[PDB]
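Structure data (TSV, N, CA and C atoms) from data-v1.tsv:
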chain	number	residue	atom	x	y	z
Y	1	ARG	N	-70.96	-135.27	-101.86
Y	1	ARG	CA	-71.22	-134.83	-103.22
Y	1	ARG	C	-72.20	-135.77	-103.92
Y	2	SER	N	-73.29	-136.06	-103.22
Y	2	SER	CA	-74.35	-136.93	-103.72
Y	2	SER	C	-73.82	-138.30	-104.10
Y	3	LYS	N	-74.76	-139.11	-104.61
Y	3	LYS	CA	-74.48	-140.44	-105.12
Y	3	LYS	C	-75.01	-140.70	-106.55
Y	4	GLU	N	-76.12	-140.07	-106.93
Y	4	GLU	CA	-76.72	-140.33	-108.25
Y	4	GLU	C	-76.87	-139.27	-109.37
Y	5	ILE	N	-76.93	-137.98	-109.04
Y	5	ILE	CA	-77.07	-136.90	-110.04
Y	5	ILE	C	-78.22	-137.09	-111.06
Y	6	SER	N	-79.40	-137.42	-110.54
Y	6	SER	CA	-80.59	-137.71	-111.28
Y	6	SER	C	-80.83	-136.55	-112.21
Y	7	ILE	N	-80.46	-136.83	-113.44
Y	7	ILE	CA	-80.68	-136.01	-114.61
Y	7	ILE	C	-82.20	-135.90	-114.84
Y	8	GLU	N	-82.59	-134.99	-115.71
Y	8	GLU	CA	-83.98	-134.86	-116.13
Y	8	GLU	C	-84.08	-135.11	-117.62
Y	9	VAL	N	-85.30	-135.32	-118.10
Y	9	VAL	CA	-85.56	-135.66	-119.51
Y	9	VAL	C	-84.89	-134.65	-120.46
Y	10	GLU	N	-85.01	-133.37	-120.15
Y	10	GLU	CA	-84.44	-132.38	-121.05
Y	10	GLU	C	-82.90	-132.29	-121.04
Y	11	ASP	N	-82.23	-132.99	-120.12
Y	11	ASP	CA	-80.77	-133.14	-120.14
Y	11	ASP	C	-80.29	-134.09	-121.26
Y	12	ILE	N	-81.21	-134.87	-121.85
Y	12	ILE	CA	-80.83	-135.89	-122.83
Y	12	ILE	C	-80.83	-135.18	-124.18
Y	13	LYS	N	-79.62	-134.87	-124.61
Y	13	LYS	CA	-79.48	-133.87	-125.66
Y	13	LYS	C	-79.89	-134.31	-127.05
Y	14	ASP	N	-79.90	-135.62	-127.30
Y	14	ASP	CA	-80.31	-136.16	-128.60
Y	14	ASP	C	-81.64	-136.88	-128.55
Y	15	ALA	N	-82.40	-136.60	-127.50
Y	15	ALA	CA	-83.78	-137.08	-127.49
Y	15	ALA	C	-84.65	-136.26	-128.43
Y	16	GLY	N	-85.59	-136.95	-129.07
Y	16	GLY	CA	-86.53	-136.29	-129.99
Y	16	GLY	C	-87.70	-135.67	-129.27
Y	17	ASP	N	-88.50	-134.85	-129.97
Y	17	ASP	CA	-89.63	-134.21	-129.29
Y	17	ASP	C	-90.66	-135.24	-128.81
Y	18	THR	N	-91.08	-136.16	-129.68
Y	18	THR	CA	-92.02	-137.21	-129.26
Y	18	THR	C	-91.35	-138.11	-128.24
Y	19	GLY	N	-90.07	-138.41	-128.43
Y	19	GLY	CA	-89.36	-139.25	-127.47
Y	19	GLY	C	-89.38	-138.68	-126.06
Y	20	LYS	N	-89.17	-137.38	-125.91
Y	20	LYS	CA	-89.20	-136.78	-124.57
Y	20	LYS	C	-90.60	-136.80	-124.02
Y	21	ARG	N	-91.62	-136.55	-124.87
Y	21	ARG	CA	-93.01	-136.60	-124.37
Y	21	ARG	C	-93.33	-138.00	-123.85
Y	22	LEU	N	-92.90	-139.05	-124.55
Y	22	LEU	CA	-93.16	-140.41	-124.11
Y	22	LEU	C	-92.41	-140.72	-122.82
Y	23	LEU	N	-91.16	-140.27	-122.69
Y	23	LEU	CA	-90.41	-140.59	-121.48
Y	23	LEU	C	-91.06	-139.98	-120.25
Y	24	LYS	N	-91.69	-138.81	-120.42
Y	24	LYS	CA	-92.36	-138.14	-119.31
Y	24	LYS	C	-93.71	-138.73	-118.98
Y	25	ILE	N	-94.31	-139.50	-119.88
Y	25	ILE	CA	-95.69	-139.91	-119.71
Y	25	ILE	C	-95.80	-141.01	-118.66
Y	26	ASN	N	-96.90	-140.97	-117.91
Y	26	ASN	CA	-97.05	-141.89	-116.77
Y	26	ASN	C	-97.87	-143.11	-117.01
Y	27	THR	N	-98.78	-143.07	-117.99
Y	27	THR	CA	-99.74	-144.17	-118.19
Y	27	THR	C	-99.80	-144.56	-119.66
Y	28	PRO	N	-100.32	-145.76	-119.93
Y	28	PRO	CA	-100.52	-146.20	-121.33
Y	28	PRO	C	-101.47	-145.31	-122.10
Y	29	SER	N	-102.53	-144.80	-121.46
Y	29	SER	CA	-103.46	-143.90	-122.14
Y	29	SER	C	-102.74	-142.65	-122.59
Y	30	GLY	N	-101.87	-142.12	-121.73
Y	30	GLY	CA	-101.10	-140.95	-122.09
Y	30	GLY	C	-100.20	-141.24	-123.27
Y	31	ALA	N	-99.60	-142.43	-123.27
Y	31	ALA	CA	-98.74	-142.79	-124.40
Y	31	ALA	C	-99.52	-142.90	-125.70
Y	32	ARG	N	-100.71	-143.47	-125.65
Y	32	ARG	CA	-101.54	-143.58	-126.85
Y	32	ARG	C	-101.95	-142.21	-127.39
Y	33	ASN	N	-102.21	-141.26	-126.50
Y	33	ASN	CA	-102.56	-139.91	-126.90
Y	33	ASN	C	-101.41	-139.24	-127.64
Y	34	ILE	N	-100.16	-139.57	-127.26
Y	34	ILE	CA	-99.01	-139.01	-127.98
Y	34	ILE	C	-98.85	-139.67	-129.36
Y	35	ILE	N	-98.92	-140.99	-129.38
Y	35	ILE	CA	-98.51	-141.79	-130.56
Y	35	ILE	C	-99.54	-141.81	-131.68
Y	36	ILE	N	-100.82	-141.87	-131.34
Y	36	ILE	CA	-101.85	-142.05	-132.37
Y	36	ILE	C	-102.51	-140.73	-132.70
Y	37	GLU	N	-102.27	-140.26	-133.92
Y	37	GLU	CA	-102.78	-138.95	-134.34
Y	37	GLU	C	-104.18	-139.04	-134.93
Y	38	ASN	N	-104.51	-140.12	-135.63
Y	38	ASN	CA	-105.82	-140.28	-136.22
Y	38	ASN	C	-106.82	-140.54	-135.11
Y	39	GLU	N	-107.81	-139.66	-134.99
Y	39	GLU	CA	-108.72	-139.70	-133.85
Y	39	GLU	C	-109.62	-140.92	-133.89
Y	40	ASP	N	-109.93	-141.40	-135.10
Y	40	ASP	CA	-110.78	-142.59	-135.23
Y	40	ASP	C	-110.01	-143.84	-134.85
Y	41	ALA	N	-108.77	-143.94	-135.33
Y	41	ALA	CA	-107.90	-145.05	-134.90
Y	41	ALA	C	-107.64	-145.03	-133.40
Y	42	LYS	N	-107.45	-143.83	-132.82
Y	42	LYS	CA	-107.20	-143.74	-131.37
Y	42	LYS	C	-108.41	-144.23	-130.63
Y	43	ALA	N	-109.60	-143.86	-131.12
Y	43	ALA	CA	-110.85	-144.29	-130.49
Y	43	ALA	C	-111.00	-145.81	-130.51
Y	44	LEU	N	-110.67	-146.46	-131.63
Y	44	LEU	CA	-110.69	-147.92	-131.70
Y	44	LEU	C	-109.75	-148.54	-130.70
Y	45	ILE	N	-108.52	-148.03	-130.62
Y	45	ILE	CA	-107.52	-148.60	-129.72
Y	45	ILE	C	-107.90	-148.41	-128.27
Y	46	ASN	N	-108.64	-147.31	-127.99
Y	46	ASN	CA	-109.12	-147.03	-126.62
Y	46	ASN	C	-110.41	-147.82	-126.34
Y	47	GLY	N	-110.91	-148.56	-127.32
Y	47	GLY	CA	-112.18	-149.29	-127.15
Y	47	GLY	C	-113.39	-148.40	-126.87
Y	48	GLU	N	-113.39	-147.19	-127.42
Y	48	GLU	CA	-114.42	-146.17	-127.14
Y	48	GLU	C	-114.74	-145.38	-128.41
Y	49	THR	N	-115.71	-145.87	-129.18
Y	49	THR	CA	-116.00	-145.30	-130.49
Y	49	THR	C	-117.42	-144.74	-130.55
Y	50	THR	N	-117.53	-143.54	-131.08
Y	50	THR	CA	-118.84	-142.97	-131.42
Y	50	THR	C	-119.34	-143.51	-132.76
Y	51	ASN	N	-120.58	-143.22	-133.11
Y	51	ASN	CA	-121.06	-143.62	-134.44
Y	51	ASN	C	-120.21	-142.97	-135.55
Y	52	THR	N	-119.78	-141.71	-135.36
Y	52	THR	CA	-118.90	-141.05	-136.33
Y	52	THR	C	-117.53	-141.78	-136.40
Y	53	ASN	N	-116.95	-142.11	-135.26
Y	53	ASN	CA	-115.71	-142.88	-135.31
Y	53	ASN	C	-115.89	-144.19	-136.07
Y	54	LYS	N	-117.01	-144.87	-135.84
Y	54	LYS	CA	-117.30	-146.18	-136.48
Y	54	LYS	C	-117.40	-145.99	-137.98
Y	55	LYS	N	-118.13	-144.96	-138.44
Y	55	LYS	CA	-118.27	-144.72	-139.87
Y	55	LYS	C	-116.91	-144.44	-140.48
Y	56	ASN	N	-116.13	-143.62	-139.79
Y	56	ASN	CA	-114.81	-143.27	-140.32
Y	56	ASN	C	-113.86	-144.47	-140.35
U	1	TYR	N	-61.73	-134.87	-91.31
U	1	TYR	CA	-60.60	-134.11	-91.78
U	1	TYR	C	-60.45	-134.42	-93.23
U	2	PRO	N	-61.33	-133.85	-94.06
U	2	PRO	CA	-61.51	-134.13	-95.48
U	2	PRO	C	-60.25	-134.61	-96.14
U	3	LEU	N	-60.23	-135.91	-96.41
U	3	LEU	CA	-59.10	-136.57	-97.01
U	3	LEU	C	-59.27	-136.71	-98.50
U	4	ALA	N	-58.19	-136.51	-99.23
U	4	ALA	CA	-58.20	-136.68	-100.67
U	4	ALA	C	-57.96	-138.14	-101.04
U	5	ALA	N	-57.45	-138.92	-100.08
U	5	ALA	CA	-57.16	-140.32	-100.34
U	5	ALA	C	-57.37	-141.16	-99.09
U	6	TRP	N	-57.80	-142.39	-99.30
U	6	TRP	CA	-58.07	-143.34	-98.23
U	6	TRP	C	-57.21	-144.58	-98.30
U	7	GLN	N	-57.05	-145.22	-97.16
U	7	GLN	CA	-56.36	-146.50	-97.08
U	7	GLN	C	-57.41	-147.53	-96.73
U	8	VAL	N	-57.78	-148.36	-97.69
U	8	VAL	CA	-58.90	-149.27	-97.52
U	8	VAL	C	-58.53	-150.70	-97.80
U	9	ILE	N	-59.03	-151.61	-97.00
U	9	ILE	CA	-58.76	-153.02	-97.25
U	9	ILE	C	-59.35	-153.48	-98.57
U	10	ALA	N	-58.56	-154.23	-99.33
U	10	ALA	CA	-58.99	-154.75	-100.62
U	10	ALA	C	-59.76	-156.04	-100.49
U	11	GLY	N	-60.88	-156.11	-101.19
U	11	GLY	CA	-61.69	-157.32	-101.20
U	11	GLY	C	-61.30	-158.26	-102.32
U	12	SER	N	-60.51	-157.76	-103.26
U	12	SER	CA	-60.08	-158.56	-104.39
U	12	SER	C	-58.86	-157.94	-105.03
U	13	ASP	N	-58.37	-158.57	-106.08
U	13	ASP	CA	-57.19	-158.10	-106.79
U	13	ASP	C	-57.43	-156.76	-107.46
U	14	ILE	N	-56.72	-155.74	-106.99
U	14	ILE	CA	-56.84	-154.39	-107.50
U	14	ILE	C	-55.58	-153.94	-108.19
U	15	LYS	N	-55.73	-153.42	-109.40
U	15	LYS	CA	-54.57	-152.92	-110.11
U	15	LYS	C	-54.53	-151.41	-110.06
U	16	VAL	N	-53.39	-150.87	-110.42
U	16	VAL	CA	-53.20	-149.44	-110.42
U	16	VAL	C	-54.14	-148.75	-111.39
U	17	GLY	N	-54.86	-147.75	-110.89
U	17	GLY	CA	-55.77	-146.98	-111.71
U	17	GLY	C	-57.19	-147.54	-111.73
U	18	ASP	N	-57.42	-148.71	-111.12
U	18	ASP	CA	-58.75	-149.28	-111.14
U	18	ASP	C	-59.76	-148.48	-110.35
U	19	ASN	N	-60.95	-148.33	-110.91
U	19	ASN	CA	-62.01	-147.64	-110.21
U	19	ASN	C	-62.56	-148.58	-109.17
U	20	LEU	N	-62.76	-148.06	-107.97
U	20	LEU	CA	-63.21	-148.89	-106.87
U	20	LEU	C	-64.57	-148.51	-106.33
U	21	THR	N	-65.26	-149.55	-105.83
U	21	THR	CA	-66.55	-149.47	-105.19
U	21	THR	C	-66.61	-150.37	-103.98
U	22	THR	N	-67.74	-150.37	-103.29
U	22	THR	CA	-67.83	-151.25	-102.15
U	22	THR	C	-67.97	-152.69	-102.57
U	23	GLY	N	-67.34	-153.56	-101.81
U	23	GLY	CA	-67.43	-154.98	-102.02
U	23	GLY	C	-68.18	-155.56	-100.86
U	24	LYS	N	-67.95	-156.82	-100.58
U	24	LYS	CA	-68.62	-157.44	-99.46
U	24	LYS	C	-67.90	-157.08	-98.18
U	25	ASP	N	-68.66	-157.03	-97.09
U	25	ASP	CA	-68.15	-156.74	-95.76
U	25	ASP	C	-67.32	-155.46	-95.65
U	26	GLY	N	-67.63	-154.45	-96.46
U	26	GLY	CA	-66.91	-153.19	-96.39
U	26	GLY	C	-65.56	-153.20	-97.10
U	27	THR	N	-65.25	-154.23	-97.86
U	27	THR	CA	-63.97	-154.24	-98.54
U	27	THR	C	-64.06	-153.46	-99.85
U	28	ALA	N	-62.93	-153.14	-100.46
U	28	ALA	CA	-62.97	-152.39	-101.71
U	28	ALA	C	-62.70	-153.28	-102.91
U	29	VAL	N	-63.52	-153.15	-103.95
U	29	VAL	CA	-63.33	-153.97	-105.13
U	29	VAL	C	-63.41	-153.13	-106.40
U	30	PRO	N	-62.79	-153.59	-107.49
U	30	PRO	CA	-62.82	-153.00	-108.81
U	30	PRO	C	-64.23	-152.97	-109.36
U	31	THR	N	-64.54	-151.94	-110.12
U	31	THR	CA	-65.84	-151.82	-110.75
U	31	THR	C	-65.78	-151.14	-112.09
U	32	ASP	N	-66.66	-151.57	-112.97
U	32	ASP	CA	-66.78	-151.00	-114.29
U	32	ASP	C	-68.11	-150.30	-114.45
U	33	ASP	N	-68.76	-149.98	-113.34
U	33	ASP	CA	-70.07	-149.36	-113.40
U	33	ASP	C	-70.12	-148.03	-112.63
U	34	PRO	N	-69.90	-146.91	-113.32
U	34	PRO	CA	-69.97	-145.54	-112.83
U	34	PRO	C	-71.19	-145.40	-111.94
U	35	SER	N	-71.07	-144.55	-110.93
U	35	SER	CA	-72.06	-144.34	-109.86
U	35	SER	C	-71.73	-145.22	-108.66
U	36	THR	N	-71.13	-146.38	-108.89
U	36	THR	CA	-70.69	-147.20	-107.78
U	36	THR	C	-69.27	-146.79	-107.40
U	37	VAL	N	-68.64	-146.04	-108.29
U	37	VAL	CA	-67.27	-145.60	-108.10
U	37	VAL	C	-67.15	-144.53	-107.04
U	38	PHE	N	-66.27	-144.76	-106.07
U	38	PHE	CA	-66.05	-143.74	-105.06
U	38	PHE	C	-64.60	-143.28	-105.11
U	39	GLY	N	-63.77	-144.00	-105.84
U	39	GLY	CA	-62.39	-143.59	-105.98
U	39	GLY	C	-61.64	-144.53	-106.87
U	40	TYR	N	-60.32	-144.41	-106.89
U	40	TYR	CA	-59.52	-145.30	-107.70
U	40	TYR	C	-58.20	-145.59	-107.05
U	41	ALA	N	-57.65	-146.74	-107.37
U	41	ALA	CA	-56.41	-147.15	-106.75
U	41	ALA	C	-55.21	-146.50	-107.36
U	42	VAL	N	-54.23	-146.23	-106.52
U	42	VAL	CA	-52.95	-145.76	-107.01
U	42	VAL	C	-51.90	-146.82	-106.70
U	43	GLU	N	-52.35	-147.89	-106.04
U	43	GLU	CA	-51.50	-149.02	-105.68
U	43	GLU	C	-52.10	-150.32	-106.16
U	44	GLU	N	-51.26	-151.34	-106.22
U	44	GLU	CA	-51.70	-152.68	-106.58
U	44	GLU	C	-51.82	-153.51	-105.31
U	45	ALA	N	-52.89	-154.29	-105.19
U	45	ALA	CA	-53.08	-155.09	-103.98
U	45	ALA	C	-53.71	-156.44	-104.28
U	46	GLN	N	-53.28	-157.46	-103.54
U	46	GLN	CA	-53.79	-158.82	-103.69
U	46	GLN	C	-55.21	-159.01	-103.18
U	47	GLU	N	-55.35	-159.37	-101.92
U	47	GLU	CA	-56.66	-159.59	-101.34
U	47	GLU	C	-56.54	-159.57	-99.83
U	48	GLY	N	-57.17	-158.59	-99.20
U	48	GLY	CA	-57.06	-158.44	-97.76
U	48	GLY	C	-55.95	-157.47	-97.42
U	49	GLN	N	-55.23	-157.02	-98.44
U	49	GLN	CA	-54.17	-156.07	-98.26
U	49	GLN	C	-54.75	-154.68	-98.34
U	50	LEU	N	-54.09	-153.73	-97.72
U	50	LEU	CA	-54.59	-152.38	-97.78
U	50	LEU	C	-54.19	-151.75	-99.09
U	51	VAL	N	-55.05	-150.92	-99.64
U	51	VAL	CA	-54.71	-150.25	-100.87
U	51	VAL	C	-55.04	-148.78	-100.77
U	52	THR	N	-54.11	-147.96	-101.23
U	52	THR	CA	-54.34	-146.55	-101.21
U	52	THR	C	-55.13	-146.18	-102.42
U	53	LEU	N	-56.16	-145.39	-102.20
U	53	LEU	CA	-56.99	-144.97	-103.29
U	53	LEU	C	-57.34	-143.51	-103.15
U	54	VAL	N	-57.56	-142.87	-104.27
U	54	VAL	CA	-57.88	-141.46	-104.29
U	54	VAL	C	-59.34	-141.29	-104.53
U	55	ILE	N	-59.85	-140.63	-103.66
U	55	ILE	CA	-61.29	-140.53	-103.79
U	55	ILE	C	-61.68	-139.66	-104.97
U	56	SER	N	-62.66	-140.12	-105.73
U	56	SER	CA	-63.22	-139.37	-106.84
U	56	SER	C	-64.62	-139.89	-107.09
Would you mind giving the structure from this file in structure tokens?
Amino acid sequence: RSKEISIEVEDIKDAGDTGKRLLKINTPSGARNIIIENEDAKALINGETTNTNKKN
Amino acid sequence: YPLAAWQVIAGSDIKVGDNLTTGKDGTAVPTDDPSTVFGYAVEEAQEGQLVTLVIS
């Protein structure tokens, strides 16, 4: 009868929507895409800014 | 011959109702960490004594 019963993210009944997205994410870039909504701030944190991002 | 209960040598002091897991050298020891639990004692045993346990 198995040994571990590896649950999945959606089995965690009091996890939040952003919380489940973060738990599923594999890389730091993916996490930043979830967490940072302001596109200019995200661009700064990614070290990749256009002239429009810089002005903003 | 699917047994509901086993007779296993105790690796340490086991009390009645204690959840058991593997210890050193195949002996049975008390545990407080679910997933390591394979059964529980219905008998009390010192150390090196056999203890009857119900598998769960």
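Between atom C of residue 39 (chain U) and atom C of residue 1 (chain U) lies a distance of 17.0 Å.
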Give me the chain Y side of the contact with chain U, cut-off 9 Å, one line per residue showing its nearest atom pair and distance in Å at one decimal, counting only C-alpha atoms, sorted by chain and residue number, as a Markdown table.
| residue | atom | partner | partner_atom | distance |
| --- | --- | --- | --- | --- |
| Y:3 | CA | U:35 | CA | 6.6 |
| Y:4 | CA | U:35 | CA | 6.4 |
| Y:5 | CA | U:35 | CA | 9.0 |
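The space between CA of residue 48 (chain Y) and CA of residue 29 (chain Y) spans 12.3 Å.
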Q. If you count all atoms listed in the file, which residues fall within 6.5 Å of residue 4 (chain U), apart from same-chain ones fewer than 3 positions away, as number ranges by chain?
A. U: 53-55
(Q) Residues of region 7-56 of chain Y classed as helix (DSSP H, G or I) by DSSP on the backbone are to be reported as a ChimeraX atom specification. (A) /Y:9-11,17-24,28-35,39-45,51-55
Can you sort out the box for region 48-52 of chain U, edges along x, y and z, all listed atoms in, 5 Å on every side, with centre and edge lengths in Å to one decimal, as AutoDock Vina command-line options?
--center_x -55.6 --center_y -152.4 --center_z -99.9 --size_x 13.1 --size_y 22.4 --size_z 15.0
Q.
Could you list, as an MDAnalysis selection string, every residue within 6 Å of residue 28 (chain U), counting only N, CA and C atoms and ignoring same-chain residues fewer than 3 positions away?
A. chainID U and resid 8:12 20:23
Q: Please provide as a PyMOL selection string all residues within 12 Å of region 8-25 of chain Y, with the sequence filter that same-chain residues fewer than 6 positions apart are discarded (counting only C-alpha atoms).
A: chain Y and resi 31-36
From the block I gave, I'd like chain Y written with C-alpha atoms, as a PDB file, in the first residue's frame.
ATOM      1  CA  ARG Y   1       0.000   0.000   0.000  1.00  0.00           C
ATOM      2  CA  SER Y   2       2.763   2.372  -1.063  1.00  0.00           C
ATOM      3  CA  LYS Y   3       5.069   4.289   1.245  1.00  0.00           C
ATOM      4  CA  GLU Y   4       4.577   8.035   0.488  1.00  0.00           C
ATOM      5  CA  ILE Y   5       1.179   9.073  -1.103  1.00  0.00           C
ATOM      6  CA  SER Y   6       2.753  12.033  -2.947  1.00  0.00           C
ATOM      7  CA  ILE Y   7       0.007  14.564  -2.875  1.00  0.00           C
ATOM      8  CA  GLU Y   8      -0.211  17.277  -5.548  1.00  0.00           C
ATOM      9  CA  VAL Y   9      -0.351  21.077  -5.208  1.00  0.00           C
ATOM     10  CA  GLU Y  10      -4.112  21.193  -5.677  1.00  0.00           C
ATOM     11  CA  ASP Y  11      -4.611  18.747  -2.741  1.00  0.00           C
ATOM     12  CA  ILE Y  12      -3.493  21.577  -0.384  1.00  0.00           C
ATOM     13  CA  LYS Y  13      -6.878  22.909   0.447  1.00  0.00           C
ATOM     14  CA  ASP Y  14      -5.926  26.247   2.040  1.00  0.00           C
ATOM     15  CA  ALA Y  15      -3.296  27.214  -0.460  1.00  0.00           C
ATOM     16  CA  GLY Y  16      -3.869  30.549  -2.190  1.00  0.00           C
ATOM     17  CA  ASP Y  17      -3.981  31.106  -5.949  1.00  0.00           C
ATOM     18  CA  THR Y  18      -0.566  32.840  -6.119  1.00  0.00           C
ATOM     19  CA  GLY Y  19       0.753  30.388  -3.530  1.00  0.00           C
ATOM     20  CA  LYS Y  20      -0.082  27.384  -5.725  1.00  0.00           C
ATOM     21  CA  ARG Y  21       1.408  29.080  -8.796  1.00  0.00           C
ATOM     22  CA  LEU Y  22       4.655  29.656  -6.881  1.00  0.00           C
ATOM     23  CA  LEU Y  23       4.794  26.099  -5.533  1.00  0.00           C
ATOM     24  CA  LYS Y  24       4.529  24.766  -9.099  1.00  0.00           C
ATOM     25  CA  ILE Y  25       7.146  27.092 -10.527  1.00  0.00           C
ATOM     26  CA  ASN Y  26      10.547  25.661 -11.423  1.00  0.00           C
ATOM     27  CA  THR Y  27      12.892  28.640 -11.747  1.00  0.00           C
ATOM     28  CA  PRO Y  28      13.532  32.068 -10.199  1.00  0.00           C
ATOM     29  CA  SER Y  29      12.528  33.776 -13.463  1.00  0.00           C
ATOM     30  CA  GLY Y  30       9.193  32.007 -13.319  1.00  0.00           C
ATOM     31  CA  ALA Y  31       8.749  33.134  -9.737  1.00  0.00           C
ATOM     32  CA  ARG Y  32       9.499  36.747 -10.639  1.00  0.00           C
ATOM     33  CA  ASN Y  33       6.918  36.602 -13.446  1.00  0.00           C
ATOM     34  CA  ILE Y  34       4.284  35.578 -10.880  1.00  0.00           C
ATOM     35  CA  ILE Y  35       5.239  38.034  -8.112  1.00  0.00           C
ATOM     36  CA  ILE Y  36       6.057  41.288  -9.930  1.00  0.00           C
ATOM     37  CA  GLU Y  37       3.094  42.830 -11.728  1.00  0.00           C
ATOM     38  CA  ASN Y  38       4.618  46.183 -12.701  1.00  0.00           C
ATOM     39  CA  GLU Y  39       6.337  45.508 -16.011  1.00  0.00           C
ATOM     40  CA  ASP Y  40       8.934  48.254 -15.526  1.00  0.00           C
ATOM     41  CA  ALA Y  41       9.882  47.010 -12.069  1.00  0.00           C
ATOM     42  CA  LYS Y  42      10.026  43.420 -13.408  1.00  0.00           C
ATOM     43  CA  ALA Y  43      12.332  44.597 -16.181  1.00  0.00           C
ATOM     44  CA  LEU Y  44      14.700  46.238 -13.649  1.00  0.00           C
ATOM     45  CA  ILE Y  45      14.787  43.111 -11.486  1.00  0.00           C
ATOM     46  CA  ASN Y  46      15.478  40.988 -14.596  1.00  0.00           C
ATOM     47  CA  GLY Y  47      18.338  43.382 -15.508  1.00  0.00           C
ATOM     48  CA  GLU Y  48      16.729  43.903 -18.955  1.00  0.00           C
ATOM     49  CA  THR Y  49      15.259  47.356 -19.553  1.00  0.00           C
ATOM     50  CA  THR Y  50      14.149  49.116 -22.725  1.00  0.00           C
ATOM     51  CA  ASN Y  51      14.300  52.897 -23.081  1.00  0.00           C
ATOM     52  CA  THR Y  52      10.541  52.931 -22.241  1.00  0.00           C
ATOM     53  CA  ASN Y  53      11.152  50.830 -19.112  1.00  0.00           C
ATOM     54  CA  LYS Y  54      13.972  53.233 -18.116  1.00  0.00           C
ATOM     55  CA  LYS Y  55      11.757  56.319 -18.568  1.00  0.00           C
ATOM     56  CA  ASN Y  56       8.981  54.690 -16.578  1.00  0.00           C
TER      57      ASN Y  56
END
